[PDB]
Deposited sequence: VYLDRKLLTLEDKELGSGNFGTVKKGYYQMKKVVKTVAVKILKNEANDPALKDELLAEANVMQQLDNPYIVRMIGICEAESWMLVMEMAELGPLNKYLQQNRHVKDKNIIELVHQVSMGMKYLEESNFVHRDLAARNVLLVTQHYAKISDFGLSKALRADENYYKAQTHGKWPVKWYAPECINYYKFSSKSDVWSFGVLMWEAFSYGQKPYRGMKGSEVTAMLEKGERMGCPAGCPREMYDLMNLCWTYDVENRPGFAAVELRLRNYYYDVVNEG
């Protein structure tokens, strides 16, 4: 959890800019581990410790692993590096990634989210930008800064202060009632699917969050990305069921993705 600054080596170049993120290496006794280190500039510190507390409890092949936290020139969260980075950016720069490969990756995210659902955690920022690639065929979920462990007696988290929120990824019940459940995450996952099959295009382009709400309330949903297979667009639309009760969970979604992926595999 608490790491030795002497064992961390940071590169100058930032990968991104809350703070910055930088690549580094962390020494074990016989190897070094390549790391991504989130580096802050009270509120920020509190959020980092909270995020670390959530990551600490998670153990799944499709979730980014925390190495630990470090308190030196600034506060640092140190994670196992996913070398290829955010999926949205990857797909923008790699437009000939095959449909079978996109299905493989979004299924992996679904398996990560099924685990998160079973663990009774809500992610609350599930977007393509927060899916990180280890390889072209291996995705992990990251960014647990808004994530919450559900109370033992509640199936949702009730936000109080509408913070700075990724509205275009949020279900109607999140915007209208400030209620966040694993089924809200399923909604976000449908948006993440749309982004993936759109090769990292932004959702609801040109629209204000307000117009998104109006659109969704009309019953309108985003169109099928070019080359996106029927079966996958149907699954997006099922993720975007307006009524939480009738919206599937991740067990349901993962299985549908699983079965389809095996069909696509069997073709060939």
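Of the deposited sequence, positions 18-19, 44-48 lack any modelled C-alpha atom.
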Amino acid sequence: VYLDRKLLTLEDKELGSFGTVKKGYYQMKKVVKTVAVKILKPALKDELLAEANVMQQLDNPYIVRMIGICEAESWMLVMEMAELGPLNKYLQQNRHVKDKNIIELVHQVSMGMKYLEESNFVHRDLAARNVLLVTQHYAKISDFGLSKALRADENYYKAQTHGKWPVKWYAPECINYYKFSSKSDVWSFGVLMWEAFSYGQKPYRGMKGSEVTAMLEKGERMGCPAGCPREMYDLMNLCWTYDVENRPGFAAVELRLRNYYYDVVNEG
From here on, numbers count along this sequence of modelled residues.
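Notably, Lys41 is an intermittent gap: at least a third of the other compared entries of this protein, restricted to those modelling both its neighbours, have no coordinates for it.
Compared with other PDB entries of the same protein, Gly163 is missing from at least a third of those that resolve the residues around it. Averaged over CA atoms, B-factors in the entry run higher in 5-13 than in the other of 244-252 and 5-13. Checked against the record, the higher mean CA B factor of 129-137 and 74-82 lies with 74-82. Each of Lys33, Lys30, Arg221, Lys202 has a CA temperature factor in the record; the biggest one is found at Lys30. Across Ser181, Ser142, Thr161, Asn88, the entry's maximum B-factor at the CA atom is seen for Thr161. In this PDB entry, the Cα temperature factor of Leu238 sits in the middle third of its chain's modelled residues. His123 sits in the lowest third of its chain by CA B factor, as recorded in the PDB entry.
Residue-level temperature factors show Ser198 in the lowest third of its chain, judged at the C-alpha atom. When the CA B factors of the chain's modelled residues are split into thirds, the value for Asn94 lands in the middle one. Per-chain ranking of the deposited C-alpha B factor places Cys228 in the middle third.
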